[PDB]
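To start, the structure itself, in structure tokens.
Labels below follow one simple rule: chain letters A, B, ... track the order of the sequence lines, proteins then strands, and each chain is numbered from 1. Note: hydrogens, waters and symmetry copies are ignored here, and every other heavy atom, side chains too, is used. Counting convention: from 1, in listed order, for ligands and their atoms alike.
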Amino acid sequence: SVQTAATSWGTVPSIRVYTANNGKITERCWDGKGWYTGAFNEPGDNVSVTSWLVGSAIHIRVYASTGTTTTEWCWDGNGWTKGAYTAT
Amino acid sequence: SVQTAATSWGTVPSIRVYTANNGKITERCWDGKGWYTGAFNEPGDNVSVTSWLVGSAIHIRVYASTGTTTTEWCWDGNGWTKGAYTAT
Amino acid sequence: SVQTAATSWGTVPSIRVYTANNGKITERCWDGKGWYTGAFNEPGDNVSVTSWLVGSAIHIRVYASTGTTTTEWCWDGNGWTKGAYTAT
Ligand SMILES: OC[C@@]1(O)OC[C@@H](O)[C@@H](O)[C@@H]1O
Ligand SMILES: OC[C@@]1(O)OC[C@@H](O)[C@@H](O)[C@@H]1O
Ligand SMILES: OC[C@@]1(O)OC[C@@H](O)[C@@H](O)[C@@H]1O
Ligand SMILES: OC[C@@]1(O)OC[C@@H](O)[C@@H](O)[C@@H]1O
Ligand SMILES: OC[C@@]1(O)OC[C@@H](O)[C@@H](O)[C@@H]1O
Ligand SMILES: OC[C@@]1(O)OC[C@@H](O)[C@@H](O)[C@@H]1O
């Protein structure tokens, strides 16, 4: 079936749910006022996530895996880009 | 194999581990004094979870997936019910 | 594909990413100065993780599953050992 990963922050809260479905990962977002589709859209068969809130900034790390390759995607306030993570 | 998801809160801590096994999700609970089987029992092949503790209240969201359908289950102090999440 | 689980703590942050790949779980670690391979290496086809930071101590629980058996692995400052979790 589809595979999901979830994270949340604050007291509203904000929630992010990532779904790997048919080799693509998409993102659904809640900030207290309805679910919406987030900016994150990248390939992957499996997803995990962690996040940490510091001051006014949310930092999110999404680990997207296809085959034996895992790509880290980073949100630090300015869109999603690949991070330095490697699996070694 | 079976697939799990875990969350924890406080300093004891309380831990919740959700296991999707043979199309059913069950819940094991630790509150500092032994593991026990929790109230959560719903269908699903895949599970993720997030939780947030505010004051005296734990809020838990469990995302249960079968095929391409994901159901959000909500704990807000008074049993588990379906939440408004949709995958779009 | 490979399956991952992630957790993080503090403001640096420290991040731990567990990967189940070909029946083995390994751990990659970030403490602010590059990724490295962690001490955790145990069998499993599926992994989840939760952690909680209290004072100067990180506590990590990794749930490693093969078939219908889930083993809890505990970090409490002094290496990884099996915890009391059972699935019942
Ligand atoms: O729209 C809200 C948003 O910016 O929140 C942070 C990330 O989750 C983004 O992908 C998302 O679009
Ligand atoms: O700011 C991005 C970054 O440095 O954040 C910490 C880790 O997630 C790294 O892999 C990543 O490149
Ligand atoms: O028994 C403890 C309990 O109420 O804690 C909150 C939820 O995890 C419930 O499913 C669980 O039964
Ligand atoms: O109180 C329940 C609820 O509003 O909590 C926030 C989100 O999890 C929603 O999908 C959900 O319906
Ligand atoms: O090296 C850092 C380390 O000690 O951090 C705590 C655990 O994640 C360990 O497996 C890891 O080796
Ligand atoms: O200190 C280890 C331990 O007591 O921590 C809390 C739970 O993770 C238990 O299963 C585990 O044996």
Checking the N or O distance criterion of under 3.5 Å, is ligand 5 in contact with C:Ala39?
yes
Protein heavy-atom partner closest to atom 4 (O) of ligand 1 - residue, atom, separation in Å:
A:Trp75 CH2, 3.5 Å
Is it true that C:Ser65 and C:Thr70 share a donor-acceptor pair across their side chains at a distance under 3.5 Å?
yes
How close does the nearest protein non-hydrogen atom get to atom 1 (O) of ligand 2, and which residue and atom is it?
A:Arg61 NH2, 3.5 Å
Side chain, backbone, both or neither: A:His59 near ligand 2, heavy atoms under 4.0 Å:
neither
Where is the tightest heavy-atom contact between C:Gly10 and C:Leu53, given as atom of each residue plus distance?
N-CD2, 4.2 Å
Look only at interatomic distance and state if C:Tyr36 has a nitrogen or oxygen under 3.5 Å from any nitrogen or oxygen of ligand 5.
yes
Under 4.0 Å from one or more heavy atoms of C:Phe40, ligand 5 contributes atoms 10 (O)
Using only heavy-atom distances, determine whether the side chains of A:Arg61 and A:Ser51 contain a donor-acceptor pair under 3.5 Å.
no
Around atom 8 (O) of ligand 1, find the nearest protein heavy atom and jot down its residue, atom name and distance.
A:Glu27 OE2, 2.6 Å
A:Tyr85: numbered ligand 2 atoms lying under 4.0 Å from its heavy atoms:
10 (O)
Check: C:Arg28 side chain, C:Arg16 main-chain N or O, donor-acceptor pair, under 3.5 Å
no
Atoms of ligand 2 less than 4.0 Å from A:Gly83 heavy atoms?
12 (O)
Shortest protein contact, atom 10 (O) of ligand 2 (heavy atom only)
A:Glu72 OE1, 2.6 Å
A:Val49 pairs by side chain to side chain contact (heavy atoms under 4.5 Å, CB included) with which of A:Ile25, A:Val17, A:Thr7?
A:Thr7
Got the closest protein heavy atom to atom 12 (O) of ligand 2, with its distance?
A:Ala84 N, 3.0 Å
Considering both backbone and side-chain atoms of A:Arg16, is one of its nitrogen or oxygen atoms within less than 3.5 Å of a nitrogen or oxygen in ligand 1?
yes
Near C:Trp35 (heavy-atom distance under 4.0 Å), the atoms of ligand 2 are 9 (C), 10 (O)
On a heavy-atom basis, which atom in B:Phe40 and which in B:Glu27 lie closest, and how many Å separate them?
N-OE1, 3.2 Å
No-hydrogen, no-angle side-chain donor-acceptor test under 3.5 Å, B:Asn41 and B:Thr26:
no
Does the side chain of A:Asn46 come within less than 4.5 Å of C:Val2's, by heavy atoms?
no
Go through ligand 2 atom by atom and flag the ones less than 4.0 Å from a non-hydrogen atom of C:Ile15.
8 (O)
CD1 (A:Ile15) and NE2 (B:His59) are apart, to the nearest 0.5 Å, by 10.5 Å
